[PDB]
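**Q** Residue numbers (PDB author numbering), protein chains in the order written: chain E, 2 to 98; chain G, 3 to 201; chain H, 3 to 240; chain D, 2 to 274; chain F, 1 to 10.
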């Protein structure tokens, strides 16, 4: 088993009021069975597509979930992941860095 | 499309025998050699997918792939090995496997001190027929077709006896006609004149 | 393993015929082939996996289907003179060695009455032959069989012998008229002369002939030419 | 350098029937095909434009390849369970990775084909493409089976020839996007860690391929120990992102320089804020 | 193109 490493970011640099893509990229996890959702202010968003399953050289899987959104200061965006190695769901907020 | 060495070959003494096949659609990557006995289903002996040559007991094969001449061959021959040999190739996309025209191979075994002769065989009383057979002749000798319309003669054949450690060839001729003569029956003998002609 | 349903079959022109093929290896690929020695062995249809059938070099006049993964039946809607050949059903994985069954010998004829079984007779060796060679050669002869659907076997004292035995590879046409000709086949059996001189031994030439099926109707007064075994017997003398 | 990679994953689900099979294909770092056995309509799907103009018969053939491999993999799962004589009520994962790397001389440089069971290396094709390497004792059984059945010849035939043909074809069909290299757009930011401490972050975005090197040097001292790194991540439009940060004392910022090395850049870039 | 030549089995 392996613990997933999470990264939450945007395709383009965050611009308030401009359309963009929220990305939650998980990597280095095993086995493949995992649940990943995106949260706008703590609410799951429907119509969320995700990439096709693959893995790296070290047999560790990696996935990418993405969605279309427009960022504003008020809204807070996060990624929730649940895995068998995770005792409880892991939440990572989206920071502009 | 694949074109094999369809012309028949017959190598009498045990020695190297070589046969190849060429294909016109360079995209294959899959190759095989099959052997079929008369009246039986063919059998695989060699499969090749890589350009490097492969060894196999009394057999070997190789694929240039630019020349695209597939070669199978035998280190030493035996009478048993003589059979039809088929070349086959499968395209790497559809995986359709196509065979080429079969290459018939006939062995001629060496006969130690052969005494060629012709004999006549009386039938069982209810058979109502007569025939002649020419046997124990050198393998090199060939057998000719009957000029006469009512005379039927078969081709040569090899038999082997493991009990007496001896091998021999045979040819048979028969006719329903009245004036059936053995001497006369083999009109085109075309053989060394060391032949016995009994009654 | 693999099995082809009809080893031999004879049918009239214009009557559809089906050949069943079964395999136990659960191979993905299956193919049909025709061999009649004209061009060697050509392909007809080939199916990959199930419910997928693609054509070959000689696909005209042939129909196939793939309902099950292990069965690949071949159907001929209208039997013709050209379709007479030896059919083979092969099966394999995409690039592995191909496996086919025993084969199906098929002959299409104009008229059902033309089918005739062979007449067989065994001919005893010459005394001069054993005098000089010190070994005897018995000869078996089958005549008047149409078509070439016969298998010849020698038997000695209830035992099918294989050593010192020869059989003509292909039969000779009695009259080479090339529209309709009856065939003739021959075989030889060579043994030691001392063996032939003992009277207790019994030599029996045997010919199996795969003729008409029972269901095919027969009106001619002559005995119906169904699959039968015709044998000729002889004993050693002097 | 260019390469083609193929990844197969078979996840065995017990009590719900047949396992789930997922197959993906990568040319360099762009995905072009992916197949899923548990999809509504199981068939090869294109994710790159240069395969979308491929003939439909090609897609049919590829779908058949993937379906056959799915059946083969379910049997492998059952066989592997039997080899480890493990319970039938446990989920198990089987992974397969194979590909070929093209050399600078327009010919095969290397090939690889390997299997792994539950994240553990199971068996690997040696670089000679004629022998095998078995990790544990149960993998030696598969080594026996394949050495006797001569599967190594099949795998070498696939890796030395047809994979290279496919790779060259794809490269020519999509040279506008597969042979292009997008130089990374880079910039450096800073944030306050403390009243007398500060974090410097070098950023690189919009580059292809993913391979890139970011380093921090202190007036000529390239020490990775204080440097913080993150895995290269995709932006979702075919390009990847990567940043590297270091904590520094305020006033010593002038002595530090970021170094970025990438194919798209003719010469490695040195950056400072 | 996928490596679908033989039966990989195991």
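Don't be surprised by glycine CBs; every beta carbon is placed ideally from N, CA and C.
Taking any Cβ of chain E, which residues in the stretch 96-122 of chain D have a Cβ under 7 Å from it, in chain order?
**A** Per Cβ criterion, the list reads 96, 117, 120.
**Q** Assign residue 60 of chain E to one of three DSSP states: helix, strand, or coil.
**A** On the first chain, residue 60 of chain E is found 59 positions in, with the first residue counted as 1. Residue 60 of chain E: coil per DSSP, three-state reduction.
**Q** Counting along the chain, where does the beta strand (DSSP E) carrying residue 62 of chain G start and finish?
**A** The residue labelled residue 62 of chain G in the question sits at position 60 within the second chain. From DSSP, the beta strand (DSSP E) with residue 62 of chain G extends over 61-65.
**Q** Please specify which runs of the beta strand (DSSP E), each continuous and at least 3 residues long, are wholly inside the stretch 123-207 of chain D, giving them in chain order.
**A** Correct list: 133-135, 186-193.
**Q** Bridge partners for residue 6 of chain D per DSSP, in chain order?
**A** Start at 1 with the first residue of the fourth chain, and residue 6 of chain D comes out as number 5. Residue 6 of chain D is bridged to D/27, D/100.
**Q** Mind listing which residues of the stretch 28-39 of chain D have their C-beta closer than 7 Å to chain F's C-betas, in chain order?
**A** Those would be none; no residue qualifies.
**Q** Which chain D residues sit within Cβ distance under 8 Å of residue 97 of chain H?
**A** Start at 1 with the first residue of the third chain, and residue 97 of chain H comes out as number 95. Neighbours of residue 97 of chain H on chain D, chain order: 155.
**Q** Just by C-beta distance, which residues in the stretch 52-75 of chain E are closer than 7 Å to chain D?
**A** Flagged, chain order: 53, 54, 55, 56, 60, 65, 67.
**Q** Let me confirm a value: residue 118 of chain D is counted as buried when at least 16 other C-beta atoms fall within 10 Å, else exposed. Which label applies?
**A** Here residue 118 of chain D is taken as the residue at index 117 of the fourth chain, counted from 1. Answer is buried; the Cβ neighbour count reaches 16.
**Q** Pop quiz: residue 154 of chain G and residue 174 of chain H are said to be a contact at Cβ under 8 Å. What is the actual Cβ separation, rounded to whole angstroms?
**A** As a working note, residue 154 of chain G is residue 152 in the second chain. As a working note, residue 174 of chain H is residue 172 in the third chain. With a Cβ gap of about 6 Å, residue 154 of chain G and residue 174 of chain H count as contacting.
**Q** Applying the 10 Å Cβ sphere with the 16-neighbour rule, what's the burial state of residue 84 of chain E?
**A** By 1-based counting over the first chain, the position of residue 84 of chain E is 83. So residue 84 of chain E ends up on the buried side.
**Q** Which full runs of the beta strand (DSSP E) of 3+ residues lie inside the stretch 42-89 of chain G, going along the chain?
**A** For the stretch 42-89 of chain G, whole beta strand (DSSP E) runs of length 3 or above, ordered along the chain, are 45-50, 56-58, 61-65, 71-76.
**Q** The beta strand (DSSP E) that contains residue 90 of chain D, what's its start and end?
**A** Your numbering for residue 90 of chain D matches position 89 in the fourth chain. Per DSSP, residue 90 of chain D belongs to no beta strand (DSSP E) and is neither H nor E.
**Q** Quick check: the stretch 261-271 of chain D against the stretch 190-199 of chain D, are at least 3 beta-carbon pairs closer than 8 Å?
**A** Not touching, per the Cβ criterion.
**Q** Quick one: any contact between the stretch 86-95 of chain E and the stretch 8-18 of chain E, if contact means 3 or more CB pairs under 8 Å?
**A** These segments touch.
**Q** With a threshold of 6 Å on Cβ separation, who are the neighbours of residue 22 of chain H within its own chain once the five nearest residues in sequence on each side are excluded?
**A** What you label residue 22 of chain H is simply residue 20 of the third chain in a count that begins at 1. Taken in chain order, the residues that qualify are 7, 75.
**Q** At a CB distance below 9 Å, what residues from the stretch 21-53 of chain G approach chain H? Give them in sequence order.
**A** Going along the stretch 21-53 of chain G in chain order, one finds 31, 32, 34, 36, 38, 40, 41, 42, 43, 44, 46, 49, 51 with a Cβ nearer than 9 Å to chain H.
**Q** As a quick exercise: from E/76, E/42, E/40, E/68, pick the residue whose alpha carbon is nearest that of residue 52 of chain E.
**A** Within the first chain, the letter at position 51 stands for residue 52 of chain E. Out of E/76, E/42, E/40, E/68, E/68 has the C-alpha closest to the C-alpha of residue 52 of chain E.
**Q** So, using beta-carbon positions, are residue 138 of chain H and residue 131 of chain H closer together than 8 Å?
**A** The sequence position of residue 138 of chain H within the third chain is 136, counting from 1. The sequence position of residue 131 of chain H within the third chain is 129, counting from 1. Cβ distance < 8 Å, so residue 138 of chain H and residue 131 of chain H count as in contact.
**Q** Taking only beta carbons into account, state which residues of the stretch 86-103 of chain G come closer than 8 Å to chain D, listed in chain order.
**A** Within the stretch 86-103 of chain G, the residues whose Cβ lies closer than 8 Å to some Cβ of chain D are 94, 95, 96, listed in chain order.
**Q** At the 8 Å Cβ level, is residue 186 of chain H part of the contact set with chain D, yes or no?
**A** As a first step, residue 186 of chain H must be located in the third chain, where it is residue number 184. Closer than 8 Å: no.
**Q** Can you tell me where the beta strand (DSSP E) holding residue 28 of chain E begins and where it ends?
**A** For this step, residue 28 of chain E is matched to residue 27 along the first chain. 21-30 is the extent of the beta strand (DSSP E) around residue 28 of chain E.
**Q** Report the neighbours of residue 58 of chain G on chain H: residues whose CB is nearer than 8 Å to its CB, in chain order.
**A** Position 56 of the second chain, counted from the start, is the residue given in the question as residue 58 of chain G. Result: empty, since nearest Cβ-Cβ is about 13 Å, beyond 8 Å.
**Q** Taking CB distances under 8 Å as the criterion, tell me whether residue 47 of chain H reaches chain G.
**A** Translated into the one-based positions of the third chain, residue 47 of chain H becomes position 45. With 8 Å as the cut-off, residue 47 of chain H does not count as an interface residue toward chain G.
**Q** Is the beta carbon of residue 251 of chain D less than 8 Å from the beta carbon of residue 199 of chain D?
**A** Here residue 251 of chain D corresponds to residue number 250 of the fourth chain, with the count starting at 1. Here residue 199 of chain D corresponds to residue number 198 of the fourth chain, with the count starting at 1. It is a contact, given that the beta carbons lie within the stated cut-off.
**Q** Pull the bridge partners of residue 162 of chain G from the DSSP assignment, please.
**A** Position 160 of the second chain, counted from the start, is the residue given in the question as residue 162 of chain G. According to DSSP, residue 162 of chain G bridges with G/169.
**Q** Using CA atoms only, rank isn't needed, just tell me which of G/36, G/67, G/30, G/147 is closest to residue 97 of chain H.
**A** Numbered from 1 along the third chain, position 95 holds the residue referred to as residue 97 of chain H. Looking at the Cα atoms, G/30 is the closest of the given residues.
**Q** Once the 5 residues before and after residue 67 of chain D are set aside, which same chain residues still bring their CB inside 7 Å of it?
**A** Sequence index remark: in the fourth chain, residue 67 of chain D carries index 66 (1-based). Correct list, in chain order: 24, 36, 45.
**Q** If I follow the unbroken beta strand (DSSP E) through residue 246 of chain D, where does it start and stop?
**A** Here the question's residue 246 of chain D lines up with position 245 in the fourth chain. Note, residue 246 of chain D: beta strand (DSSP E), 241-250.
**Q** Does DSSP classify residue 68 of chain H as helix, strand or coil?
**A** Locating residue 68 of chain H in the third chain gives position 66, where the first residue counts as 1. Three-state result, residue 68 of chain H: coil.
**Q** According to DSSP, which residues form a beta bridge with residue 22 of chain H?
**A** As a position in the third chain, residue 22 of chain H is number 20, starting the count at 1. In the DSSP output, where bridge partners are listed per residue, residue 22 of chain H has none listed.
**Q** Name, going along the chain, the residues of the stretch 25-42 of chain H whose beta-carbon falls closer than 8 Å to a beta-carbon of chain D.
**A** Within the stretch 25-42 of chain H, the qualifying residues are 30.
**Q** Under 7 Å Cβ-Cβ, which residues of chain F neighbour residue 138 of chain D?
**A** Position 137 of the fourth chain, counting from 1, holds the residue named residue 138 of chain D. By Cβ distance, chain F contributes nothing, its closest Cβ being about 15 Å from residue 138 of chain D, past 7 Å.
**Q** Between residue 141 of chain H and residue 174 of chain G, is the Cβ-Cβ spacing less than 8 Å?
**A** Here residue 141 of chain H is taken as the residue at index 139 of the third chain, counted from 1. Here residue 174 of chain G is taken as the residue at index 172 of the second chain, counted from 1. Yes, the pair counts as a contact, with Cβ atoms nearer than the cut-off.
**Q** How would you call residue 170 of chain H, buried or exposed, if buried means at least 16 neighbouring beta carbons within 10 angstroms?
**A** For the purposes of this step, residue 170 of chain H is taken as the residue at position 168 of the third chain. Its Cβ being crowded by 16 or more others within 10 Å, residue 170 of chain H is buried.
**Q** Looking at residue 126 of chain H: is its Cβ nearer than 8 Å to the Cβ of residue 75 of chain G?
**A** Mapped onto the third chain, residue 126 of chain H falls at position 124. Mapped onto the second chain, residue 75 of chain G falls at position 73. No, they are not a contact pair.
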